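Everything below concerns the one structure shown next.
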Amino acid sequence: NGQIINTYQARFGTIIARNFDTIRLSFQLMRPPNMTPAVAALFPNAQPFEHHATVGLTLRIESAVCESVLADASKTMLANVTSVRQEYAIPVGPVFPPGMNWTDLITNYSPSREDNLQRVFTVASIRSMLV
Amino acid sequence: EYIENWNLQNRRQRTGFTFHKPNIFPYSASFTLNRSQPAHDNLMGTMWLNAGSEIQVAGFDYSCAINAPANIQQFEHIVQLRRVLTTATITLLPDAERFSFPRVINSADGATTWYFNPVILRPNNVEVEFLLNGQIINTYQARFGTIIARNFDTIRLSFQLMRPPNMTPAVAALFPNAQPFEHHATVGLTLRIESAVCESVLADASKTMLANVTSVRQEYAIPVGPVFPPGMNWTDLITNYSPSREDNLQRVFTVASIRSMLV
Amino acid sequence: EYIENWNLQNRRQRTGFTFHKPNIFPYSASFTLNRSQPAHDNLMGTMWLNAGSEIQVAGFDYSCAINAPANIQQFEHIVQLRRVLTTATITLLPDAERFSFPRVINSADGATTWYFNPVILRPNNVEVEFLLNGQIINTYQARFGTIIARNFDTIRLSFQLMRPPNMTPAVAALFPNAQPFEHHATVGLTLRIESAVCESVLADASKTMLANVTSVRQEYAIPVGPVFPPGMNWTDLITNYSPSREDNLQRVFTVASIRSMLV
Amino acid sequence: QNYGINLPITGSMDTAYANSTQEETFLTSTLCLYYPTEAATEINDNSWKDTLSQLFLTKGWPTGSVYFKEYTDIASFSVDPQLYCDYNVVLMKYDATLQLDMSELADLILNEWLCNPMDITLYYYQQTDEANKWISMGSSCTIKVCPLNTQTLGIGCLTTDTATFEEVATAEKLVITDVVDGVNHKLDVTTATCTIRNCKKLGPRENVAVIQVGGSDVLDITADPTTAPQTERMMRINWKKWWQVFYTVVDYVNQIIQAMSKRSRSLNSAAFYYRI
Amino acid sequence: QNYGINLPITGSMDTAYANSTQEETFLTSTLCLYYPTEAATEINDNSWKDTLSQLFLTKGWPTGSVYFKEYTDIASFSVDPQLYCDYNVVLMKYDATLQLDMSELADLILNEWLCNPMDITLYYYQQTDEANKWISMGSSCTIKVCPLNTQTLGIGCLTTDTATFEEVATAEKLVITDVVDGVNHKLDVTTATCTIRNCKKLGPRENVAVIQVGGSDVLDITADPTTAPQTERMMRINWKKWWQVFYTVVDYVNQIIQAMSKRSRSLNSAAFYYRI
Amino acid sequence: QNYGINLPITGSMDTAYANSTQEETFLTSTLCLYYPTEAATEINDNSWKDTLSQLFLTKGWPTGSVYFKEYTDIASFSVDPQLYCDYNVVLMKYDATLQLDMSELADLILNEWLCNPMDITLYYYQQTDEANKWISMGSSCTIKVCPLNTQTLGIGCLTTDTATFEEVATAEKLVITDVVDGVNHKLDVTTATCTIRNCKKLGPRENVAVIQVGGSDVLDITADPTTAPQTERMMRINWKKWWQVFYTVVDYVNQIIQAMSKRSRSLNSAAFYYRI
Amino acid sequence: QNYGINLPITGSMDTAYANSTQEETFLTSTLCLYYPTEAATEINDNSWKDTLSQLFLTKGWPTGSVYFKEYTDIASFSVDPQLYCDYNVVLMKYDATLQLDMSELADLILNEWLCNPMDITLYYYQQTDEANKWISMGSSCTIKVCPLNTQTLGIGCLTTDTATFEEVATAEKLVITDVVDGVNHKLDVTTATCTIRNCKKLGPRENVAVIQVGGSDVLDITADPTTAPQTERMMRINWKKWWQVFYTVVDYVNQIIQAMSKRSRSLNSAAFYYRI
Ligand SMILES: *[C@@H]1O[C@H](CO)[C@@H](O)[C@H](O)[C@H]1NC(C)=O
Ligand SMILES: *[C@@H]1O[C@H](CO)[C@@H](O)[C@H](O)[C@H]1NC(C)=O
Ligand SMILES: *[C@@H]1O[C@H](CO)[C@@H](O)[C@H](O)[C@H]1NC(C)=O
Ligand SMILES: *[C@@H]1O[C@H](CO)[C@@H](O)[C@H](O)[C@H]1NC(C)=O
Ligand SMILES: [Ca+2]
Ligand SMILES: [Ca+2]
Ligand SMILES: [Ca+2]
Ligand SMILES: [Ca+2]
Ligand SMILES: [Ca+2]
Ligand SMILES: [Ca+2]
Ligand SMILES: [Ca+2]
Ligand SMILES: [Ca+2]
Ligand SMILES: [Ca+2]
Ligand SMILES: [Ca+2]
Ligand SMILES: [Ca+2]
Ligand SMILES: [Ca+2]
Ligand SMILES: [Ca+2]
Ligand SMILES: [Ca+2]
Ligand SMILES: [Ca+2]
Ligand SMILES: [Ca+2]
Ligand SMILES: [Zn+2]
Ligand SMILES: [Zn+2]
Ligand SMILES: [Zn+2]
């Protein structure tokens, strides 16, 4: 909600975010003040620029806890609901996006969609006990 | 109504608060310039006031679409409601009276001021779309007066400034082929939510719960807390209407309605 | 509500009538010229409409504060309410659409007519003060949208016409250094009371008590009495809201609410 | 009754309109026509003033209310013009060679000017603001100016040597000088045949109208280059005969007076502001 | 139509615009270009009419729609001008000496006029309203006016002795006389040379546009000194050669016609409606 | 930073006006004054430039920022004038005989023209839209045009005989030619003496203002007959002494610069739009 | 555009490609081929321009789009080169004795430059940044440099005696001078014969491509000794005849234009942006 809960500076590896809804990754491309002849050759003082400096970060959420249902790499609730909807040619309804596409569903994860999705995921978990 | 909605929500059934003129839009008098330059004498863009239950929007072109493809300039205005509204009665009127008089407006960065000299043309190809999750729930084309938006969280007003193909000499005198453009063609739209239903609590024109809470906090000099903005400013509150803010607001509004029964 | 207030009043307890758009301002479309001359070409002053629950005020300067002490022209409007209002929700908007188009206006004595050609500038240093017994109860500086006035009987709207320090060539063309002044710089303010609470009875946009009393009096050709204006006219009644008038009006409004239960 | 103070006046936006006061204004006011001598020459009629008075009487002006004042030409008339009637109309013939002279004349009579004396011998003079000008009138005005600096020494001029002064007027009957504001100037003026006054432009002179008889719109009553306002009191007519011009003036006198208002400075309300 | 002229016409402010009617207007209208003889002289070409017609065809006017009418000068063209087709464009060369004659011609052809005969030999005449004028034209007009009084006695002019009348025109090919209203006037006119009619200005004329070639804004199509309206049909251009002028007229013919309106062409080509 | 892409701007009201930037602009910008030679001749002083620089320094302009460029006359100045200062003010003397040339010069310097080359020997040329003109400049431009038809045959002219062409310019030092759009024209121009270019009017040039010294409003910077716009950058002043002209220019430099804007095209943002 | 220049532009990496715009680019652009005089001499044909235009039309360029400009030699073309149209292809004949002159011309016309006047007769000058150079051109440039110290005293050169200055150019039609930064320099230049400007290299110029006819890779468009970039706009071909060169240019015009970018053309054809 706009308040910094966790902050990690120059840390890499495993980190813990205890409670959050926003991620802010700030980094910098610093020109190396001391360059060997090849490095200095890569970066001229003016155009043309043939080699382009890039600084990257990778963030991977391995585990989390959410008050709402979500698709994840381990469970099969989304797969089961989508499979059932596809196998019986269920026409698109007024709640979920066509084909149960996860990107559209999570882009506009509204309270009504949350209620319907929790309902169907709970039913799918019930069904997976037997089928 | 408030205690009934409290009990229904504690049971997680639909709760519905009915609002006359719901205070759903935070105040914002803003403009967008799609075509501009430092002299601000050949401008194309939009200016709007979104305030309370009301939205006045106006698309202006200084050239009057002289060089626009097919002599039509398309304007769009998207307003995202912070909460989903249902069973909403809307009055849509062709013109926006607020942006139809001469006006000296500030620059976007405040460095200078530009001039606006509207001449109002009827909006063309008006389409009011009421969207839910990006899907068109209601669509109204060239329809004005009372309309019903049954369930929506976004409003899309698309309207066109169409250059009159045939002009009388007095009209033709206003829109030359090139600059200077003394008269600037403006199309408008006014959208007023007379009544609606929301699952969340909102300020509205008929109820006094926001007024009661604000009065109680001001009278006893309650220090600003970690939830609400200072002075319970409704614009700030509705702009960032977070779930925690919604819970606290519902609590205090229910308490205020309880207090109103006696005080 | 009306019988509750009647019984509370008979015991001398705090009474409360809740009004949606209370009709508290007697109708008045007036102007004040702080600077004027026989030809009415260099005018500084204010024009306002106070109607029902609405106040539209506009300060105009024909010279656009060119010779003002700091290129600031200060305008002030004081509205004294005939009764104290509490728990009031108020929409405040920058512009006054009613005084933003060309007008031909009678002189104060009706001897001649002058010309008004507004160009609307953004009001500067807007300070809305809600006063009780001459003391400042609520203050809102540069705040627009919905505001709360918890307890007040007077409204003081102070605003300023500030000459833009930087002008584009068109804007600079509108405002010369000396006369003639063809475009007259106008700043505005709109103030709507959406809802309020008053210890006294008032006509509003939701209840039908005034309409019922007036209709009964007109249907049976009741001769004018010694208490009410000779049409049951609301402007005269609210202008001179005496204690005797208030007592009689509460009586008749309570009886009208009783009648409306059956008729 | 309360003369030295500016008290606000409140009016209701719905009171009424009083009846037309044009007839009473014509009955109780005076009209002055200013025209060049060549107009009288071309008319070549001894009783033409009487005929014009009769025609004005047909328009509601009582006999003797309308006066006709002759002037030789624009330049001569520009020497301290005195417009004393309630309503003044000046027929000014257009000369393409005298555009600035006509502009200065109109600026002098179409505006209100508050003038203080100038003693160029004793003092150095600035112009404080945009409304400050130096108006000089006489049989022949020749104004030369030396702009000083913060040390009182001339810029491109020597205070002692007038030969280096920068001439801004030469044998003018009337000239309005505008110099850079905030800069002290030493002035050399032909005081024998010309008086110079430090004047402030208060505002329009409501009761003076100038009808330009002839060419296109050339008057510039504003010293500012960016603006050349054409007020309703700056009329312009095309002509070939002076009798036609005077008949037009008489026939449309209602419109001409309508374009004019009573001099705000000439009524009791102006008392103790500057004059009456 | 006449029976329903005094009937309301109600329209909705949401009725879809019709398509452009410019093409249909050109395909069914006729255009007249009035130019002075000096234009054709300076062009010095005999097929230029065909070239202009072909250029107009490129601009959408079918062959045969555009007509070219020549006039010697402003004075000669003012003798009962004839406007022949749906759209009339008059190229008027500017001259600083004939400002009033240009104004008179523009007033005559840019407005509707309702004229009646004036038997100046028999009756005295009045101009009842501001819209009433006396338009006289022919080989040479010399109008002398003697205002009268309630007893028919002339004011500043003996009725019998025309030599004492007041001269308003001399050898004019066209003149619009405007005398004081409500006063009977005796008129002496060169009836053998030119005719005078009592005319009323009905309103503007939409099918006639005047393009002033060179000069400044000098036309005054209203006798009122306070007003010098510059309508959309009064264009002005700068020129060094006439071919550029004609190419400008052809290239911007759409704009010129836009400034003009249909239904303004009367059945006859005259410059006024005559009632005898 | 993001050049070549038009990004919408979404400013708001109530952002509060910033303080005056006039002082900062005067401090950081340069001003060029363009005046005729006769101005310096009449002034007749060898330090007048220094005095005007000092007077401008009194108005806020740092010393060395105001430049004084001289031109012989309008014709010579119309030979591809290069206005390079941040703000350019051109003091242009009025001549009744050079109205079109004055208009052409103003149109060339008061507007922005994207010009591409013209090789009349190799190709035929047409003006596609109303913003397309042919601008020719040099010692002497004589342009003759032969309109062609769809059969690439001259209309009223023979493609092989230039004597039958139509003359649109003669001995001009600057001329703007507007021909009928959508028609191919063969061109005969004195290429050895002057150069022609196909130029599109993009829009106003804001850093250039023209002060017409004396005269009336005669400029027409638009080829449209129906439009004669007097923008805020076209001042007119009545004059007798050039010293008064320069004092007026310096004293109202605030107003003059307010009427102008930084050249929208000559700044970092226009990078990859046309320049910089 | 300008107000939103400092705004982000966001793009999805899955947005479908638009169709080829090459056809539209050719149908709306203009191409200039700059070739030496020896090329036209060796071709020895008077209609070769028509043939090349027709071949370009076969390649998609509408007739009139392609232009051919001749220059005598590298030296003459370097005197204020003018780049006229949207796409400029410069055929530069290689000469082993003029490597630096070719490099200077390529640097001038392949990069954007922002230049200011240098009053070398009054002030000493510095090159503040590596992007700052001094570009001088004209009939004959001879630049002598005297580096100064903190006390203005020249280093290895007396300030008064120019003969002891340091020669950096001799009779050059164009030279780009690069002195040590942070050191004030006194300059002696043949101002009567050639002009010198203080210039800053803004960046590359996309609308200008240079094809080196014959030779080797010798251009060095950057002053830095460590960098000799060979951009996509610096082509090189081998030749025995000029017709083969022109056919190669026509046949691979698509590839040449691909190496160039739109929007780099400036209103003016100048090789730099001048600020005074
Ligand atoms: C004003 O005009 C009216 C209408 O003609 C007339 O009856 C009345 O007497 C006039 N005078 C006054 C003082 O109202
Ligand atoms: C008007 O134009 C439209 C659009 O080209 C076309 O469909 C229609 O047929 C035209 N005519 C009418 C009478 O609408
Ligand atoms: C702006 O002007 C005000 C008053 O003129 C002054 O106090 C202030 O310091 C100035 N600067 C800023 C950044 O507001
Ligand atoms: C692009 O090319 C495709 C394929 O030929 C064609 O269908 C389409 O109309 C072209 N134009 C656009 C704007 O996509
Ligand atoms: Ca001197
Ligand atoms: Ca004078
Ligand atoms: Ca001054
Ligand atoms: Ca002026
Ligand atoms: Ca005549
Ligand atoms: Ca007589
Ligand atoms: Ca009359
Ligand atoms: Ca008139
Ligand atoms: Ca010319
Ligand atoms: Ca021919
Ligand atoms: Ca054209
Ligand atoms: Ca024009
Ligand atoms: Ca060299
Ligand atoms: Ca040495
Ligand atoms: Ca260096
Ligand atoms: Ca290098
Ligand atoms: Zn802006
Ligand atoms: Zn008044
Ligand atoms: Zn309501």
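Ordering of the structure tokens sets the chain letters (A, B, ...); residue numbers start at 1 within each chain; ligands are numbered from 1 in the order shown.
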>> Taking only C-alpha atoms and all ligand atoms into account, list the residues no farther than 7 Å from ligand 21, as number ranges by chain.
In response: B: 33, 36, 38, 40, 107-108; G: 3
> What residues in segment 38-182 of chain B get the DSSP label strand (DSSP E)? Please answer as a PyMOL selection string.
Replying inline: chain B and resi 44-52+54-61+72-93+103-106+113-116+118-120+124-132+135-141+145-162
>> Show me, as a PyMOL selection string, every residue of chain B with an atom at most 9 Å from chain C, counting only C-alpha atoms.
In response: chain B and resi 23+26-28+38-41+51-52+97-98+100-106+111-115+117+204-212+214-216+218-219+233-235+263
> Using only C-alpha atoms and all ligand atoms, what are the residues with an atom within 7 Å of ligand 13, set out as a PyMOL selection string?
Replying inline: chain F and resi 100-101+104+172-175
> Just how far from atom CA of residue 156 of chain D is atom CA of residue 125 of chain D, in Å to one decimal?
Replying inline: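 If I compute the distance from atom CA of residue 125 of chain D to atom CA of residue 156 of chain D, I get 17.2 Å.
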> Taking only C-alpha atoms into account, which residues of chain D are within 9 Å of chain E, as a PyMOL selection string?
Replying inline: chain D and resi 43+45-48+50-51+54-56+58-59+211+214-217+232-244+247-252+255-256+259
How would the residues just chosen look if you wrote them out with N, CA and C atoms as a CSV table (one decimal), in the first residue's frame?
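So the final result, stored in selection-v6.csv, reads:
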chain,number,residue,atom,x,y,z
D,43,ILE,N,-18.2,74.3,-49.3
D,43,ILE,CA,-19.7,74.5,-49.1
D,43,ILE,C,-20.0,75.9,-49.7
D,45,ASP,N,-21.4,78.6,-48.7
D,45,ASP,CA,-22.7,79.1,-48.4
D,45,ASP,C,-22.6,79.9,-47.1
D,46,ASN,N,-23.2,81.1,-47.1
D,46,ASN,CA,-23.1,82.0,-45.9
D,46,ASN,C,-23.9,81.5,-44.7
D,47,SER,N,-25.1,80.9,-45.0
D,47,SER,CA,-26.0,80.5,-44.0
D,47,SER,C,-26.0,79.0,-43.7
D,48,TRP,N,-25.0,78.3,-44.1
D,48,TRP,CA,-25.0,76.9,-43.9
D,48,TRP,C,-25.0,76.4,-42.5
D,50,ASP,N,-26.7,77.9,-40.2
D,50,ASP,CA,-28.2,77.9,-39.8
D,50,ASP,C,-28.9,76.7,-40.4
D,51,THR,N,-28.6,76.3,-41.6
D,51,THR,CA,-29.2,75.1,-42.2
D,51,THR,C,-28.9,73.9,-41.3
D,54,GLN,N,-30.9,73.9,-38.2
D,54,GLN,CA,-32.3,73.5,-38.4
D,54,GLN,C,-32.4,72.0,-38.6
D,55,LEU,N,-31.5,71.4,-39.4
D,55,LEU,CA,-31.5,70.0,-39.6
D,55,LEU,C,-31.3,69.2,-38.2
D,56,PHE,N,-30.4,69.7,-37.4
D,56,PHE,CA,-30.3,69.1,-36.1
D,56,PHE,C,-31.5,69.3,-35.3
D,58,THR,N,-34.5,69.2,-36.5
D,58,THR,CA,-35.3,68.1,-36.9
D,58,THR,C,-35.0,66.8,-36.2
D,59,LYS,N,-33.7,66.6,-35.7
D,59,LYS,CA,-33.3,65.5,-35.0
D,59,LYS,C,-33.4,65.6,-33.5
D,211,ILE,N,-14.2,61.8,-36.5
D,211,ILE,CA,-14.6,61.2,-37.8
D,211,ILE,C,-13.5,61.5,-38.8
D,214,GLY,N,-11.8,60.5,-45.3
D,214,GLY,CA,-10.9,60.2,-46.3
D,214,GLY,C,-10.4,58.7,-46.3
D,215,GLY,N,-9.1,58.6,-46.2
D,215,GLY,CA,-8.4,57.3,-46.5
D,215,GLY,C,-8.7,56.2,-45.5
D,216,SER,N,-7.8,55.2,-45.5
D,216,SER,CA,-8.0,54.0,-44.7
D,216,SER,C,-7.7,54.3,-43.2
D,217,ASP,N,-7.7,53.2,-42.4
D,217,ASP,CA,-7.5,53.3,-41.0
D,217,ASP,C,-6.0,53.4,-40.7
D,232,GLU,N,-14.8,52.8,-30.7
D,232,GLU,CA,-16.1,53.2,-31.4
D,232,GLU,C,-16.2,54.7,-31.6
D,233,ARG,N,-15.3,55.5,-31.0
D,233,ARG,CA,-15.3,56.9,-31.2
D,233,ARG,C,-14.4,57.3,-32.3
D,234,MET,N,-13.7,56.4,-33.0
D,234,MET,CA,-12.9,56.7,-34.1
D,234,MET,C,-13.6,56.2,-35.4
D,235,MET,N,-14.4,57.1,-35.9
D,235,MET,CA,-15.2,56.8,-37.1
D,235,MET,C,-14.4,57.1,-38.3
D,236,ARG,N,-14.9,56.6,-39.5
D,236,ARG,CA,-14.2,56.8,-40.7
D,236,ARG,C,-15.2,56.7,-41.8
D,237,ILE,N,-15.2,57.8,-42.7
D,237,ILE,CA,-16.1,57.8,-43.8
D,237,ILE,C,-15.4,58.1,-45.1
D,238,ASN,N,-15.9,57.7,-46.2
D,238,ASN,CA,-15.5,58.0,-47.6
D,238,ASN,C,-16.3,59.1,-48.1
D,239,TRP,N,-15.7,60.1,-48.8
D,239,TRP,CA,-16.3,61.3,-49.1
D,239,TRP,C,-15.9,61.8,-50.5
D,240,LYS,N,-16.7,62.6,-51.1
D,240,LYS,CA,-16.4,63.5,-52.3
D,240,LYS,C,-16.9,64.9,-52.1
D,241,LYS,N,-17.9,65.1,-51.3
D,241,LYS,CA,-18.4,66.4,-51.1
D,241,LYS,C,-18.6,66.7,-49.6
D,242,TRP,N,-18.4,67.9,-49.1
D,242,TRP,CA,-18.5,68.2,-47.7
D,242,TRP,C,-20.0,68.3,-47.3
D,243,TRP,N,-20.9,68.7,-48.2
D,243,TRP,CA,-22.3,68.7,-47.8
D,243,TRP,C,-22.8,67.3,-47.5
D,244,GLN,N,-22.3,66.3,-48.3
D,244,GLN,CA,-22.6,64.9,-48.0
D,244,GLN,C,-22.1,64.5,-46.6
D,247,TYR,N,-24.3,66.1,-44.0
D,247,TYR,CA,-25.6,65.4,-43.9
D,247,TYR,C,-25.5,64.1,-43.3
D,248,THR,N,-24.5,63.3,-43.5
D,248,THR,CA,-24.3,62.1,-42.8
D,248,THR,C,-24.1,62.3,-41.3
D,249,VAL,N,-23.4,63.3,-40.9
D,249,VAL,CA,-23.2,63.6,-39.5
D,249,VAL,C,-24.5,63.9,-38.9
D,250,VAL,N,-25.4,64.7,-39.5
D,250,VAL,CA,-26.6,65.1,-39.0
D,250,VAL,C,-27.6,63.9,-38.9
D,251,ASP,N,-27.6,63.1,-40.0
D,251,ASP,CA,-28.6,62.0,-40.1
D,251,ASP,C,-28.3,61.0,-39.1
D,252,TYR,N,-27.0,60.7,-38.8
D,252,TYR,CA,-26.6,59.6,-37.9
D,252,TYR,C,-26.1,60.2,-36.6
D,255,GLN,N,-26.4,57.8,-33.6
D,255,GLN,CA,-25.4,56.8,-33.4
D,255,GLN,C,-24.0,57.4,-32.9
D,256,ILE,N,-23.7,58.6,-33.4
D,256,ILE,CA,-22.5,59.2,-33.0
D,256,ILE,C,-22.5,59.5,-31.5
D,259,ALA,N,-22.1,56.4,-29.5
D,259,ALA,CA,-20.8,56.0,-29.3
D,259,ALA,C,-20.0,56.8,-28.3
>> Given only C-alpha atoms and all ligand atoms as the basis, pick out the residue of D:66, D:208, D:115, D:75 nearest to ligand 6.
In response: D:75
Closest-contact table, chain A side, partner chain B, 8 Å, counting only C-alpha atoms, as JSON lines:
{"residue": "A:1", "atom": "CA", "partner": "B:242", "partner_atom": "CA", "distance": 7.7}
{"residue": "A:108", "atom": "CA", "partner": "B:133", "partner_atom": "CA", "distance": 5.6}
{"residue": "A:110", "atom": "CA", "partner": "B:133", "partner_atom": "CA", "distance": 7.3}
For the residues selected in the previous step, produce a file with C-alpha atoms as a PDB file, in the first residue's frame.
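So the final result, stored in selection16.pdb, reads:
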ATOM      1  CA  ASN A   1       0.000   0.000   0.000  1.00  0.00           C
ATOM      2  CA  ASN A 108      -8.271  -8.087 -14.253  1.00  0.00           C
ATOM      3  CA  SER A 110     -11.738  -8.563  -9.804  1.00  0.00           C
TER       4      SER A 110
END
